[PDB]
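What follows is one chain in structure tokens, specifically the form deposited without ligand SAM.
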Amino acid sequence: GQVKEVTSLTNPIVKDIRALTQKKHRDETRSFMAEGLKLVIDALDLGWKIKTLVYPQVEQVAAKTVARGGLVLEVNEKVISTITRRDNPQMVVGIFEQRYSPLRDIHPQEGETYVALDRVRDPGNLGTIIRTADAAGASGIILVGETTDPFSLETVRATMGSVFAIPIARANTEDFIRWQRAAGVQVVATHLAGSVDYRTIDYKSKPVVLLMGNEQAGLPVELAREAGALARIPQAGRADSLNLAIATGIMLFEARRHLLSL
């Protein structure tokens, strides 16, 4: 690794970072950006691999970076707010390697809760669910099919750091169904048609996978057939008009209700 200074937007290295706004670029580098000195520090203690740092504590992190084998760019106020796209930005920004837990290395144990999200499309929702799942003590997030990107700048930010702290797995629909069948789990799916009251469900017998549907479409029948129980949250009309993050939060706090205490 090495240190190097930059003040030009046209600089080769800066073009590469800004290109992480785009999904296709991030996928090819398997990389992503996270803003915040503190967050950068916490990420390192949790075993995240850092590729580039950008900006007194500042100086020992720069040290740790070069030591494991990656770059360090000192920069002007105009560059940092270009790459992070904020008029008034943070002084520090790390570029890390993405990580996904492979689905077949997940073996749910007693007391555990996972949240599986079928074709989640809103980065706000995805990031808020990740944070909430971490607050609630879930052991993992499983992204099923084509979802919005958990490592995009907008999702990461809405995690407030929880992206570093709870594992995330991705799978197509077939592999997910196979994994769930063989995992010995109670799959609780929110799905209006065929439902029981979320509060009457057995969350204690087996590890729980909470299966949530896509914001607009909801779960398809093939996922919904895979469920041990179909959940609804009773509302003041016969409508289900809950934001996906909110419903997901409600479900996490009920499923772990018997496990969370003051």
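Rigid core (definition): largest C-alpha set, two forms, superposition within 1.5 Å. Start at 1 with the first residue shown and count on from there.
Not pictured, yet referred to below: the form solved in complex with ligand SAM.
From the list 230-238, 61-69, 37-45, 200-208, the contact stretch for ligand SAM in the deposited complex under a 4.5 Å heavy atom rule is 230-238. Contact check for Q57: no non-hydrogen atom falls within 4.5 Å of ligand SAM in the deposited complex. Interface residue remark: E215 is counted as part of the site for ligand SAM in the deposited complex, having a heavy atom within 4.5 Å.
When contacts are judged by a 4.5 Å heavy atom cut-off, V14 does not count as touching ligand SAM in the deposited complex. For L192, a non-hydrogen atom is located within 4.5 Å of ligand SAM in the deposited complex, even though that partner is not displayed. Once both forms are fitted on their core, the CA shift for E254 between this form and the one not shown remains under 2 Å. Once the rigid core is overlaid between this form and the one not shown, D16 does not reach a Cα shift of 2 Å, moving by less than that.
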